[PDB]
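One structure is given below, encoded as structure tokens.
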Amino acid sequence: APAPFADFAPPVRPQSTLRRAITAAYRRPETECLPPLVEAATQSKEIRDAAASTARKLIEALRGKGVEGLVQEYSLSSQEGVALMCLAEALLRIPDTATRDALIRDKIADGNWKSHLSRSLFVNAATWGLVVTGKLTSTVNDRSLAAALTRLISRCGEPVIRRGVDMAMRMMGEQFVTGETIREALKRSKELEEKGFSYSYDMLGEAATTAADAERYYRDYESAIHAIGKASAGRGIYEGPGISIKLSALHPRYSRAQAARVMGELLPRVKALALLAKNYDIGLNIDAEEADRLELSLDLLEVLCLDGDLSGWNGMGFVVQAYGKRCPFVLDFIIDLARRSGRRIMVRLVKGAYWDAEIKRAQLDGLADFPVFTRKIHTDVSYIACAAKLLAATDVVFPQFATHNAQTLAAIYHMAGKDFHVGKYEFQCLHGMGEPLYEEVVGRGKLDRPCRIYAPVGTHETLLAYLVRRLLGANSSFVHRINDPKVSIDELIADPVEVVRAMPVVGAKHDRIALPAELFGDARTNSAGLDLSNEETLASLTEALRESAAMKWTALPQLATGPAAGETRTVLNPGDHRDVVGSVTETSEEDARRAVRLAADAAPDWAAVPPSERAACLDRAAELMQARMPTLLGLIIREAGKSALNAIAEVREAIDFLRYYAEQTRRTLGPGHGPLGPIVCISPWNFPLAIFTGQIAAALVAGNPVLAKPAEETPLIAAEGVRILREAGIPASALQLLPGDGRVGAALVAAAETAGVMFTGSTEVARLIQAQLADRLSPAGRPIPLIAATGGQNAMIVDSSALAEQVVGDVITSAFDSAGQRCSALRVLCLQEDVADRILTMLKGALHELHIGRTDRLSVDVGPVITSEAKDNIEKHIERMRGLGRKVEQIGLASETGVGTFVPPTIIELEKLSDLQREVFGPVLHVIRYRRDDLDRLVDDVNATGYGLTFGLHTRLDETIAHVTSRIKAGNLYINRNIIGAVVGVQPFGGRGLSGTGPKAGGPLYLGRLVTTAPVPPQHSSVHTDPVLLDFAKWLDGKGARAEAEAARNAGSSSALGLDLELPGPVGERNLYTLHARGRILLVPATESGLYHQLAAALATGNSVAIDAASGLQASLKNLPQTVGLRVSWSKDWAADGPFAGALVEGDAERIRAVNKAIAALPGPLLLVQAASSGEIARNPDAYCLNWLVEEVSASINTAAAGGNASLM
Ligand SMILES: Cc1cc2c(cc1C)N(C[C@H](O)[C@H](O)[C@H](O)COP(=O)(O)OP(=O)(O)OC[C@H]1O[C@@H](n3cnc4c(N)ncnc43)[C@H](O)[C@@H]1O)c1[nH]c(=O)[nH]c(=O)c1N2
Ligand SMILES: NC(=O)c1ccc[n+]([C@@H]2O[C@H](COP(=O)([O-])OP(=O)(O)OC[C@H]3O[C@@H](n4cnc5c(N)ncnc54)[C@H](O)[C@@H]3O)[C@@H](O)[C@H]2O)c1
Ligand SMILES: *C(=O)CC[C@H](N)C(=O)O
Ligand SMILES: [Mg+2]
């Protein structure tokens, strides 16, 4: 068999000294990067004065030389302007100019435009918003825009419509693009080519999703090289036109993880285009993209420049991004490569276009620092220093200075000195934007320095795809400052080098941008990830992973008295059974019962450890796991079948649980919050470290000793987690490990001294535990608390406003990551009928680009399922659907998978959602289509499964967001992003119905469930009072029940219903946390006062009730106000009147036990039950705790989804 990790992530080539200098600078501190940049960018006082003069002379011409004018002519509001442009865009999608004018004249200008024009008019309004207002809104308020469009048409008629159409036509055909086609762009370029300009054409392709998209982009590029070469007609690479390409357009898996495919499949295609450009002797420039593709692209640039088939041509070009901390070392490397190869490489120096996306990515991944600067002035100094380096090597490279900043331009112009010849260097600008400035530079009558115009080419659809990124003209852009008339010229010709030099601390990070580790401020330290695009990281990880596979991992029954003997068997890698991972010794049912007794007898000693010291253990346990992360990664990869990327996330999530529960402890717990006692923690195989650790850390920090029962498939990583927690100071008596199967779990739950159970697993097993536990009562006569986190049937809804490329990406990740073995995984994709065929073609194309196999290779996307039984179960489902006529799409599996348990990613097209009647825990996406008027019915079908865990929605339309998020009943919502990877303390995780009891893991109510008296969580309060509660309290006052009326009003104030908070997280995301009503609560009263207390508790938290008619208390609620009676029903057959969302029970100990057994028999969800005796209701106003009568909802909205980040102005 192949040696573990012997082929994890070998580099494309051995890393030269010059390449190593690049990698070493990836995330270098910003205070280290600047001093050498300032040294390099300095110039004589004489030069700086001449620079500021030239830069002032340029800026004064500009100030002395469209959509705004339209808004003025018709006195449009901002929303009218935006809506008018969306209307124009949709009228231009009408091809025949005469048909269009007839629709305007006879139907639009008069009738409701809403009849004549399956896709909102306002799909692109975020982009038109930028045009009109200069500000970017992530989503579209389509009801506001509809009203504005009606208003402006009813006011001004066909004339305003005509003017909108012509404006949009001019902007889309001549301003945003030089032309719609390359032939048209070439015809339009004649005029400025005569005035001394040159051109390079950008064909607006990028981010291929399928093989078909990449082939299409390739032939687009090929056919443009022909038109450009023919038009060039021998002018050469400096005077004549060239083309610019993006590598992500030519392959659907352009990434370091797929480097072998990139060199074998993408390189040959770039070489064939370059050969064509060589024959016409035109430039071919490789555009720069995200920071994690930079070094990968250098390997393509190296091979192309050493390829003798391309010799004799100096047209190959390459962009370098000055906002990147690697820029000067990249330039050293290129300059040396130009010397070795003898190719005069065309180096286009830009600042960079992905800034806010890079900030968000680094934060999300928990990396050590950013790969770009965080102050714009730092990018300027870097640009000017790299320009000096490039102007010293014009013998071997051709520098191309792409900038619109007049201060940068003047600096470069004077730095280059008096000698110039065409071919020494050039400036560059963007079509429609930079000509005014550079019409003051080009020509013998100005500065006599040439400028290449970068010219987008594309249809309306194409230009709009990333027209937002191109606009971002933000609060720090030179283009934005030259307009702003409160900015003086003296301000605009300020020298960035001298300003940075005289700052108190050179190169300081931006004050308002958090390093990834500091995302949560003083609350806690963020866990740290690893950069799998960093060759140094991959190299050192390769060795640690190899060394992890040599260990003899074991897991034993670690009882309080010491290791126990038992039945021993191997643990095999699910991706290859020949790979023995370790040995597990499993627990006898006798030692299971014995461990509970030792924990019971040791419980007082652990409760007596002060909360702050308990949390301090957890903080030490977090630090141990961060240090051992590489070794833990390797065990999770091989024991549980996970990819390295999913193993990193899992170890982070364990670290985060430990620090989050430690901080929550420091915020809440005191002497009056006593532990429950021994808690049994039972966990699933699919997050074998994270969920394992989170349940145990919570229970322990709340003062409870713990019996940890790991899933039988993943004991080894569990045993390691317990080793670490004990090393951190958890005493052996406080944390005992009991490996084994469901019998060991069932014996622990049943044991006499078990005070609480934390279960994560399947819904049916949680139903068996609930049944065990209804037989039992605590020594105080109350039910044994149960937290059950169970399965999901998670849907995503996509309408015709979504961007297919974003959707396919989020779907492929949500459904097939970890082979779909996430409780959160996407199970049902719901596609609006108009875009269903297009998205499904893309999805299937992207499916076939996934790599399935054993997960000790970075190249693997989808690993094995955990066992042969899981495989057989998943494959039964697939073949059933296949036998019912449903279209089934499956990738092909390589024969190497036969040594493991694999299921291929699978797409199944269903007719109705009720076709699918059970959670299928594998890589199996079901697809259904819906018509837009049936959206509300669709949300019902989603809710009707009974599950309620994760849910996703892709739309740009506020009315659809409002509608859908107010009707879906699920605990974790996701807008315009994937639906997996909830982050501790940011998206507190957990659902409702068949998906769990709550409270949410990694949320502020979790610890309260594990003590006898719940504390008040941080920020847990609400100023809102439920109005039916208030009517009930008045009814009680009317009936003479003064004391109960007062209790009712106190419950109204104590309720946290309506709490609405935003939680700190990464930039580019809004993460919200809210408390809602749970639903209909089953009330089982014994006395009239008991019923009034129960009803006040339920109403104060927004719930309706079903009251046990067998109680005989019907006459205690005569003459209810109508508002309260709407919320009240009576029930004789509890099972018929479900599903309920909780229960309140009054009785003595045996009444409680009987009612509890009858509630556990109700079909459907596990109910969170609270019981109290009549005397407890009288003595304790919190006998029924309001924390468990509300439902937590987490929502995460990707606010960078329109293409940029507004807040990072
Ligand atoms: C001809 C041509 C061709 C291209 C490009 C430009 C031109 C003129 N660009 C885009 C370029 O990188 C840049 O985004 C804009 O052109 C604006 O730069 P200026 O010098 O015009 O303006 P300006 O001088 O106002 O500089 C603005 C720039 O500063 C940076 N910035 C803003 N805030 C910052 C902060 N807080 N911290 C650090 N930096 C900050 C950004 O890079 C921003 O673009 C590009 N880009 C790319 O990545 N790949 C490519 O292939 C191209 N192609
Ligand atoms: N809501 C969540 O946060 C969440 C997270 C992960 C997984 N899950 C769910 O867990 C399931 C997959 O994991 P699984 O296959 O390991 O679950 P499972 O129900 O098969 O097994 C879970 C655990 O319970 C034990 N067990 C089995 N029978 C038992 C019994 N009669 N009494 C006591 N313990 C018993 C097992 O040994 C194991 O430790 C899926 O349904 C998935 O959706 C939910
Ligand atoms: C379920 O398996 C846990 C999944 C995790 N919380 C996530 O991916 O959100
Ligand atoms: Mg099982």
Side-chain angles (χ1 to χ4, degrees), residues 30 200 202 244-246 285-291 318-324 348-356 358-359 370 372-380 382-383 400-409 427-429 431 433-434 437 451-455 469 472-474 476 478 480-482 496 509-510 513 646 649-650 653 684-687 690-691 694 711-713 741-742 760-762 765 789-792 794 814 817-818 821-825 866-867 870 921 949-950 972 974 978-984 987 989-990 1001-1002 1208:
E30 224 169 322
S200 184
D202 178 356
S244 185
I245 62 174
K246 286 179 155 71
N285 171 85
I286 298 140
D287 264 7
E289 293 182 84
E290 294 90 350
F318 191 87
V319 175
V320 187
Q321 296 154 311
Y323 74 174
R348 183 197 289 171
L349 191 66
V350 300
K351 280 177 196 188
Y354 306 86
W355 181 77
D356 37 38
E358 300 290 353
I359 300 306
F370 302 99
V372 296
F373 300 111
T374 64
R375 308 202 170 196
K376 195 268 175 184
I377 197 177
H378 294 168
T379 297
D380 292 334
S382 170
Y383 197 94
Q400 297 167 304
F401 298 115
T403 185
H404 295 136
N405 187 318
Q407 192 287 318
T408 313
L409 190 159
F427 295 105
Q428 301 199 344
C429 73
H431 165 82
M433 192 162 151
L437 173 60
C451 187
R452 187 174 302 279
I453 298 158
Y454 186 87
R469 182 183 75 220
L472 303 171
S476 50
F478 179 94
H480 166 274
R481 296 174 55 84
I482 176 141
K509 179 181 72 68
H510 196 288
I513 304 184
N646 297 329
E650 170 143 29
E653 187 161 302
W685 73 262
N686 74 303
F687 287 98
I691 288 169
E712 55 270 27
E713 299 97 340
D741 54 52
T760 302
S762 63
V765 172
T790 48
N794 315 308
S814 296
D817 181 275
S818 303
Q821 292 163 127
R822 291 180 180 262
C823 56
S824 51
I866 186 68
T867 60
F921 208 66
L949 187 51
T950 56
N972 281 84
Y974 300 100
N978 70 39
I979 68 173
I980 70 170
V983 169
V984 166
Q987 304 102 34
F989 189 78
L1208 298 165

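One-based numbering, in listed order, for ligands and for the atoms of each. Position 1 is the first residue of the sequence; numbering continues from there.
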**Request:** Please confirm whether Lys351 comes within less than 3.5 Å of ligand 1 when only nitrogen or oxygen atoms on both sides are compared.
**Result:**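 Among all N and O atoms of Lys351, at least one is under 3.5 Å from an N or O of ligand 1.
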Closer than 4.0 angstrom: is that true for some heavy atom of [X] and an atom of ligand 1?
| X | result |
| --- | --- |
| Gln400 | no |
| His510 | no |
| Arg375 | yes |

Atoms of ligand 1, numbered as shown, that sit under 4.0 Å from any heavy atom of [X]:
| X | value |
| --- | --- |
| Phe373 | 37 (N), 38 (C) |
| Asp287 | 51 (O) |
| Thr374 | 35 (C), 36 (N), 37 (N) |
| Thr379 | 38 (C), 39 (N), 40 (C) |
| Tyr323 | 42 (O) |
| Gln321 | 48 (O) |

With a 3.5 Å distance limit and no angle check, can you tell me whether [X] reaches the backbone of [Y] through a side-chain donor-acceptor pair?
| X | Y | answer |
| --- | --- | --- |
| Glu30 | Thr374 | yes |
| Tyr974 | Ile980 | no |
| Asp380 | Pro496 | no |
| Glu650 | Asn646 | no |
| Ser818 | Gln821 | no |
| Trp355 | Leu1208 | no |
| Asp741 | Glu712 | no |
| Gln428 | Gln400 | no |
| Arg375 | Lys509 | yes |

**Asked** How long is the span from the CZ atom in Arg481 to the CD atom in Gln407, to the nearest 0.5 Å?
**Response**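 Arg481 atom CZ to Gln407 atom CD measures 11.5 Å (nearest 0.5 Å).
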**Request:** Name all residues meeting the side-chain contact (heavy atoms from CB on, under 4.5 Å) criterion together with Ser244; count only those two or more places apart in sequence or in a different chain, and write none if there are none.
**Result:**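 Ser244: side-chain contact (heavy atoms from CB on, under 4.5 Å) contacts with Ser200, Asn285, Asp287, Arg348, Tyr454.
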**Prompt:** With sequence neighbours excluded, what pairs up with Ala1001 under the side-chain contact (heavy atoms from CB on, under 4.5 Å) test?
**Reply:**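 Partners of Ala1001 under the side-chain contact (heavy atoms from CB on, under 4.5 Å) test: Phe657, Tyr661, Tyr1006.
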Would you mind telling me if ligand 1 is within reach of the side chain of [X], the backbone, both or neither, using heavy atoms under 4.0 Å?
| X | value |
| --- | --- |
| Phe478 | both |
| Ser200 | neither |
| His404 | both |
| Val372 | neither |

**Prompt:** Just by distance, with hydrogens left out, do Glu713 and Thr867 show a side-chain donor and acceptor under 3.5 Å apart?
**Reply:** no
Of the choices [options], which has the non-hydrogen atom that lies closest to [atom]?
| atom | options | result |
| --- | --- | --- |
| atom 8 (C) of ligand 1 | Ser244, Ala402, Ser476, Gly352 | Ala402 |
| atom 4 (C) of ligand 1 | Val350, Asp356, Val319 | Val350 |
| atom 24 (O) of ligand 1 | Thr403, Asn405, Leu409 | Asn405 |
| atom 26 (O) of ligand 1 | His431, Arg481, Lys376 | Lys376 |

**Request:** Evaluate the side-chain proximity of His378 to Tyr323: yes if any heavy-atom separation is below 4.5 Å, no if none is.
**Result:** no
Short N or O separations between ligand 3 and the protein, below 3.5 Å:
from, atom 1, to, atom 2, distance (Å)
ligand 3, 2 (O), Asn686, ND2, 3.0
ligand 3, 2 (O), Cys823, N, 2.6
ligand 3, 8 (O), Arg822, NH1, 2.7
ligand 3, 8 (O), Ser824, OG, 3.0
ligand 3, 8 (O), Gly981, N, 2.8
ligand 3, 9 (O), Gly981, N, 3.2
ligand 3, 9 (O), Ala982, N, 3.0

**Message:** So, using ring pair (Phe, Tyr, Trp, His ring centres under 6.0 Å) as the criterion, who are the partners of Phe401 when residues are at least two apart?
**Reply:** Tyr425
